[PDB]
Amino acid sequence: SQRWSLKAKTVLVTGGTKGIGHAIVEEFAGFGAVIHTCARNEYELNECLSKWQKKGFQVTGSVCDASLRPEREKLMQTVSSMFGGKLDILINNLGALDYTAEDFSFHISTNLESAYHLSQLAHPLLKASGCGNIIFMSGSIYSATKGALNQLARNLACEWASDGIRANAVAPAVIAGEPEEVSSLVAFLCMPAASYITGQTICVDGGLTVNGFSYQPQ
């Protein structure tokens, strides 16, 4: 039906050349969505774009270091011009001899800033779509980042609902199957069929029970 279709929906997925981001691009491409992605290494971008267009996938890309403010502004500029000022889906895929406090601080703030800024740059585009979706896809360092990201996600969901923008966060399992499998949940959340789903922070962990009591990632 039309509710379970992502056909011709415009998507921006950061870091689409590898890992979950690459799996997310393919998942959406399988549904006939129009995707734009980015990466720092232009040759690997070229490599993926090549292997994709042959599979009949509608994907374009640009070189970008999403950790840099000016790079994020240019990226969204490229996206607005190619999608005609409208963007249906934004997949904020965060980047993945012992880390110090400065390292801890830097990685957490770089991740949180890129995701926050990217969402703000896309806001007007997402608003013009009339049915925009944002997905935040992202130990110790990761846990704290995830904790911050979930909150931002829940805030934007309430803050931008009147603009018709939904926001959800998704995390791969801690205890496992390929973690890339989560791409299908990401896709479902962006379907009209899931228009009432917002503010969710889902971790598809295997989970565990002790003495009959369940335990899951916090």
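Counting begins at 1, following the sequence as shown.
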| item | value |
| --- | --- |
| Unresolved deposited residues in the interval that joins residue 158 and residue 159 | none |
| Missing residues, deposited sequence, between residue 96 and residue 97 (class: none, 1 to 3, 4 to 9, 10 or more) | 4 to 9 |
| Between the two ranges 165-173 and 59-67, the one averaging a larger CA B factor in the entry | 59-67 |
| 43-51 set against 181-189, stretch whose average Cα temperature factor tops the other in the entry | 43-51 |
| Maximum C-alpha temperature factor, selected from 145, 92, 133, 129 | 129 |
| Identity of residue with top Cα B-factor, from 23, 203, 12, 208 | 208 |
| Third assignment of residue 111 from its chain's C-alpha B-factors | middle |
| Residue 88 - Cα temperature factor, lowest/middle/highest third of chain | lowest |
| Among modelled residues of the same chain, the CA temperature factor third for residue 82 | highest |
| Modelled-residue ranking by C-alpha temperature factor, third containing residue 137 | middle |
| CA B-factor placement of residue 101, once the chain's modelled residues are sorted into thirds | highest |
